[PDB]
Each structure stands twice: as structure tokens, then as C-alpha cells.
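Engineer: Please read through the structure below; I'll follow up with questions.
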Amino acid sequence: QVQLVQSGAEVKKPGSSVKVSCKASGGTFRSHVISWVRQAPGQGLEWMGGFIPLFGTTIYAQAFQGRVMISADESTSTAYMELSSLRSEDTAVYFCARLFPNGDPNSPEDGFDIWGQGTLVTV
Amino acid sequence: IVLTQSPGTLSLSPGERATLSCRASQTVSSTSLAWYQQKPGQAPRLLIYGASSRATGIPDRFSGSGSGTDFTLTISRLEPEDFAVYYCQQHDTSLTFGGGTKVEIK
Amino acid sequence: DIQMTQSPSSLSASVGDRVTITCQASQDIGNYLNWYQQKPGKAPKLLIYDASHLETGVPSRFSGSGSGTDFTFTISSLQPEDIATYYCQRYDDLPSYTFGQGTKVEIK
Amino acid sequence: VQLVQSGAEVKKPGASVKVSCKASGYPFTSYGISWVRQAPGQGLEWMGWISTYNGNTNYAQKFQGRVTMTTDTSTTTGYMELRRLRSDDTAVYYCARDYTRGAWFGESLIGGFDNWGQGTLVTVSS
Amino acid sequence: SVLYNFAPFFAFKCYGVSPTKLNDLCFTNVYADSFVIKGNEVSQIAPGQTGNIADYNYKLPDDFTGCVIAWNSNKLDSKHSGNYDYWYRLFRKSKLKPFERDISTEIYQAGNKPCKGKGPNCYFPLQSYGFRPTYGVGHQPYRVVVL
């Protein structure tokens, strides 16, 4: 069914922002609030924070809490993490997922996780 | 809305997982419904607020679960500690207590 | 995060086998504890939410308990099919979803 | 917390009761005392509740005019008063601080029937 | 002080004067408000911070909203049947003015029609909060105390 195509894998350097995109694979994005997975390098897991384009304001990542400017523009067929003020902490494989509030009435087999591909950020 | 402690004379010896139905009538969320233990002839203790939930005073040996109208207090290995009188409450809808299901002995 | 771990992590036990499975995190969880078990060859199953109160489904066998730092997901009585890896997510009141390692309750 | 109650109360078939309930070492005014009737074997019959603040009372239809819950707010001793006593009416009751209907409002609040009466073992034996 | 004791609030940030000194200061009444929400509405419950529900339903003034104490009520207001219980008003008409009481749930001016303003018919400012324990906490049940 649904794939949630994600952008790629590149490194980003301090102070600036890291751009990645969970891209729209053939509809099935509207409910599907595109939150954002981080997956810290090899020490632990994480949730990049995502946006709530489902008719309201956005949730921000608990881990970073203030400069996680996670915007996501679903109609444009692109998601974003939009982490301004990156330094080094990333070094991770930030995934796009159909994070728990993201099931369709279709595709219940891809229930509450339609994961992505992953993006290796580093310094 | 009513409650029904089914095994009024549940006779399972200590050391054996049992099941004690207090068996409500509605589909009540245990957010209200609870359990209250009384010594067999004393005032009810705060036994199980949340109606499945273990607080400070309750040991592990006390077990139970349930939802809807078939609340089964699936008690674990037993003790004389668990041989008081337990009254499953309903904080929902004008509280009707329980009257029945003690756990008994030989 | 409290960066969820469980501590017992690999409690080995067959049918019945008076059980103690506890998702003692780094620090305290209060009433913010999921206890997970994964059904192999399928999608995960969250049985219990904070410290107790099992979902409708995944029967009472896997029984949630414990209120402190360590919350005990003890099994009263499993059966051969209750082979299920006991990792534990922690529903953090803003989503953080830190799952566990897998405290599989076995059979021979 | 102790909620000191009466004991083997000797009433009669055609008398009225003044059950004791010493509102114990809690700030009496900021609560409400519910009651249940432990009819022997019959779990507990829902008696009613006094608002220790104002005296808002949710009696039992069973005991509509019979149970008339009063209290000595001065010496903080609850008097859940039931007329219609008899041998078949000789059944023990208890006190309970009603935190289900949190007091002051006669309105349902969080918590259960809170700390309980000693016990009024009403012996109306005939 | 029975304030300070409580377990994690997840919203203890005193919307108003410092989260201290309330026990000590002596004001007449802090008019404790009581309502349910779900997180996306709870985000709007703050001084300034006008947003979807403090843009149709539940607005707060410049400051001094007592010490509003929000918290998620997952286990308490929604079951995994995806409870549809508590009615709220999105598309009520517009944002209500800071800190009123809105038993007035005036219906929405939705146009394309003169008769009752409501567009097709009955534009509900009656939105059963319609959430799920499997959503975000932006859409988890939320029972919240206001002052």
C-alpha cells in the first residue's frame, strides 16, 4: 500500500537547519499527521517532532523543545523537520513514519506505523 | 446501575489464582468503578480504586480485572490477608455497593 | 527522556512460573507507563497502560501491576502461546514512545 | 478517622433512632458523611449522606421519612435518624465520608465513600 | 500548598503571577473553571496564545489566568472506542473575547444563505470532542482546571 517516501541521506553542519522531506506516496497523507522520527545514532531512539497539518497547530519534539520548528506541508507532497539551530547532536537516521495518530480507514494492515526510509544526518 | 459479586462463596485455598466476578450491569469505565475491602464485620478499606488497580496497601497476591458488566476479580495466589470482605463499588451512577463475594477456606 | 528500559530484562519462565516482569525505567513514571508485548509475525500489542488496567484484548494472563519506580507486568498464568517479547513503551504525556528490549516469557 | 459510632443499639418496633457518629479528627465542616445500611448478608443498603458543611442530604427512598440524617455539628457527632425500627429493621449501618458526592454542593466528585463509621449495630430485637 | 504536592501536571506553568505565592497572597476568589478539552484545544488555553479553541470557544486574557493547570486525561475521558462524548465548538462564529462564560454557544455564520446564517443547515458549534487514545495528546482526552 503506502510508502511515505522520504527524502534521502545527507549531513548537515552546526548553526544551520537540516532539511528532509517525507514525500507523498500516492495520496494517503491527509489524516496521517506527519510527525517525525529521529532515531539517535546508536545510543537510543527519538521523535523529531513533526507538524500537525490536521487542522490546527503543530506539536514540537520533547527532546529539543523550542527550536524544533517542525513544519510539514502535506498538500505540497512534502514533509519537513525544519530543525533550525542544528549543531552536531543529530548524527542520526531521522525517519518519517505514520506515527501512532496516523492510520487511514484504508490500510489498517499498515496500522499506526507506515514507516519511511531514513536520513543519515551527521556533522 | 447495578453490581453483582457473583462468587459469594468463592472457595479457593491460599496459593491459587482464582476469579471473582463482581459483574456490573453497564459498560462503566473503571475511572469511576472501584473495590472496597472490609474486614468481615468492619468498615470498608480503599481496596481497588480503578476497580482493577493496586494501590499502596494492597499486596501483589490480590489480583483482579474486568470491564463492561462482567468484572472478574481474577485473584492470584491467596492469603488470609485476602480473606476479608471485598465490596466492588460503582462511583458511577449513584453508588451501589457490593454485598457478596468473599474468598473462603476449607 | 526517561529513555525507557525494563529491569528485569530477560525473565525466562515457562507456563505459570510465578512471574515478575517490571519496566523500571531510568527514573519514575508515575501513571505514564505502557507495558508492551509483541505478537510475532504481526503488529505489536499494547496490553496495559499506566501501571495497570489491561486493554480489552490480550487476556488477563499478562497482568499489569506495580506502582513506584518499577511497575510489574506479572503473569498470573501463561500458556504455550504466551511466548511474547516483553518490551515496554512509555506513553509520555507528550509523545516520546520509548519502547523496550524484550522480556520474553517462554515455554520449553 | 475514628468516626466513633454507637453499638448494640436497643430500639423498638415503633421507635426512632439517634445513631452516633463522632466526626473524628478531621475538619468536620469541610466534608460530607454518607451512610450505608449493612443489612445482615445484604451487603450494604445505600443509607444516604449528610453534608457536614450544610446538611444537604440524599436519603434513601426506602427510608424516605424513616431515615432523617442529622448531626450535632457542635460536638461533631453524626446522628443518622431512622424511624420505623423493628426486628426485621434491626440491621447495622455505618458512616462514610461522602467524597463521591463531594459536599458543599450535593454534587458528584472524585473519590469514594471516604473514611468510615465505627459501626451502629442496631439491636431492635423482638 | 495542596497545589505543589501533585504529581507531574505537564501544565503547571502559572499562567499569570509566578507559580509560587498563591498560597500566601490573599485574593477574594480565583473563580476555578472546570472544562474538558483535547490537546490541540489545550494548546490554546493560555494568556495570549489565541488558537483554534481560543479562537472559537475558550479564550484567556492578557495575563493572570490564575494558575491554569492542564493535564491529559487519556484513561479518563476516552476509551479506545474513540470516545465522542464532550461537545465543543469549532466554527462557533469567531474568537470570543478574553475570558467570558460561553453557555452562549451561538451558531456559526456560514453564508450561502440568509435564513439562519448557517450554510447548509445547522452548522454545529457542538463538536463532540471526537478523539481517541491512539491520536496525539493534541487529541488525547484533556480534563483541565482553570483559575
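Please read every residue number as a count from 1 along the shown chain.
Positions of Cβ are set from backbone N, Cα and C atoms, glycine also.
Per Swiss-Prot, disulfide bond is recorded for E:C14-E:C67, E:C115-E:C122, and the stated evidence type is experimental evidence.
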Engineer: Out of E:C14, E:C67, E:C115, E:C122, give me whichever of these disulfide-bonded residues has the highest number of other Cβ atoms within 10 Å.
Structural biologist: E:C67
Engineer: Using Cα coordinates, what distance in whole Å links E:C115 (disulfide bond) and E:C67 (disulfide bond)?
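Structural biologist: Between the alpha carbons of E:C115 (disulfide bond) and E:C67 (disulfide bond) there are 43 Å.
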Engineer: Between E:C67 (disulfide bond) and E:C122 (disulfide bond), find the distance joining the two CA atoms and give it rounded to the nearest Å.
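Structural biologist: Spelling it out, the Cα of E:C67 (disulfide bond) and the Cα of E:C122 (disulfide bond) are 36 Å apart.
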Engineer: Report, in whole Å, the straight Cα-to-Cα distance of E:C122 (disulfide bond) from E:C14 (disulfide bond).
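Structural biologist: Computed Cα spacing between E:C14 (disulfide bond) and E:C122 (disulfide bond) is 38 Å.
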Engineer: What kind of secondary structure is E:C122 (disulfide bond) part of, going by DSSP in three states?
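Structural biologist: Going by the DSSP assignment, E:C122 (disulfide bond) belongs to neither helix nor strand, so it counts as coil.
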